[PDB]
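Q: Could you work out the structure for the sequence below:
(chains A and B)
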Amino acid sequence: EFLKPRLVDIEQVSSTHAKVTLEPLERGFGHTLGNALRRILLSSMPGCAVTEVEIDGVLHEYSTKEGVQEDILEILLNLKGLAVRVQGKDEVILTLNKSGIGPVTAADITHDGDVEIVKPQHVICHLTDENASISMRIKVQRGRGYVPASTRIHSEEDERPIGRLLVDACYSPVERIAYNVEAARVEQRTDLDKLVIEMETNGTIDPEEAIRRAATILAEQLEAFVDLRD
Amino acid sequence: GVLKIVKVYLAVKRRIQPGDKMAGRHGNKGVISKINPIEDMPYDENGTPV
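A: Numbers count the residues shown, from 1 in each chain, chains lettered A, B, ... in the order given. And now the structure:
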């Protein structure tokens, strides 16, 4: 004699906001599913983010291209916050060529079907000379969590070039996740709760797809208790 | 006596870690004791962790 909740409306307030609600919760399971989901979404959602950049005529990070008005040490710290969602493959290799005076927004990356940039109003660098020219070849990967460049070196396998600029990659499509159980109301039941997971992605991953991939990370892990091995 | 010198640099970039010694302005030192995960940190009413 129990009740089990079902998905309900998804008030997509904005592009990076969301509010998914879980209607018919039995009493006592409010804070049990919430905090067991907030600790999953914030931790283990597979995202995609840049892995290693490569510019045309520069050898190391602390250089300074001629024509741009940033050190290369800040062109990598602007790419790392690039949001992109590949659909078909697992990894890509983007491109970027531009020439002229004017800021190089992220929308100038070469267009592909699978790769789909999300924040095209982004800024990457500036160009401030009529004969200036920047031409890089960004990389992209899938994963989860966070893997700094120093620890992704143990699997280097003879990274032959000296033009590869390694970036640290923090794949995760979630930023902050609140939730507040409140007094739901079925037609006749003295106490039924409602969960309201006010999520906030970086425009990458769909809300309803997160929760359906944060539940099966739980429901797949409880097997080891449903069958105690002894 | 010296025949020819050579001078090489190295731009090592060191992150933060347990052991480093942060401190405020008012004379309150402290050695960083642990680097938590993103979600063990006390979150206020709107998820923003300290």
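Q: how far away is residue A:23 from residue A:79?
A: 41 Å (C-beta to C-beta, to the nearest Å). C-beta coordinates here come from the backbone N, C-alpha and C atoms, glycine included.
Q: for residue A:176, that is, sorry about that
A: For residue A:176, the distance to residue A:79 - C-beta to C-beta - is 23 Å.
Q: What of residue A:151?
A: Using C-beta to C-beta, residue A:151 is found at 19 Å from residue A:79.
Q: neighbour count winner among those two?
A: Neighbour count, other C-beta atoms under 10 Å in any protein chain shown: between residue A:151 and residue A:79, residue A:79 has more, with 22 against 10.
Q: The more buried one - nearest residue in space that isn't next to it in sequence?
A: residue A:50 (5.2 Å; C-beta to C-beta, 6 or more residues apart in numbering or on different chains).
Q: who's that neighbour bridged to?
A: Listed beta-bridge partners, residue A:50: residue A:140 (assigned using DSSP bridges).
Q: backbone phi and psi for the closest residue to chain A within chain B, please?
A: Nearest residue of chain B to chain A: residue B:47, at 3.9 Å (C-beta to the nearest C-beta). Main-chain dihedrals, residue B:47, degrees, to the nearest 10: phi 70, psi -10.
Q: so which helix or strand takes in residue A:76?
A: Assigned by DSSP states H and E, residue A:76 belongs to helix A:72-79.
Q: Ok, residue A:70 next?
A: Here residue A:70 is covered by no helix or strand, with elements defined by DSSP H and E.
Q: and residue A:209, how many neighbours?
A: Using other C-beta under 10 Å: residue A:209 sits among 11 other residues.
Q: Go ahead and report the secondary structure state at it.
A: helix (DSSP: H, G, I helix; E, B strand; the rest coil).
Q: From residue A:170, how far off is residue A:177?
A: From residue A:177 across to residue A:170, the span is 16 Å (C-beta to C-beta).
Q: Give me the phi and psi angles of the most centrally placed residue in chain B.
A: Centroid-nearest residue in chain B, with C-alpha atoms, centre = their mean: residue B:16, separated by 2.4 Å. The phi and psi values for residue B:16, taken as degrees, to the nearest 10, are phi -100, psi 160.
Q: Spit out the contact partners of it.
A: Neighbour list for residue B:16: B:32, B:35 [criterion: C-beta atoms under 8 Å, 6 or more residues apart in numbering or on different chains].
Q: Please repeat the previous calculation with a cut-off of 7 Å.
A: Residues near residue B:16 by C-beta atoms under 7 Å, 6 or more residues apart in numbering or on different chains: residue B:32.
Q: Which strand or helix spans the residue sitting furthest away from the middle of chain B?
A: Most distant residue from the mean C-alpha position of chain B: residue B:1, 43.9 Å away (C-alpha atoms, centre = their mean). Assessed by DSSP H and E, residue B:1 sits outside every helix and strand.
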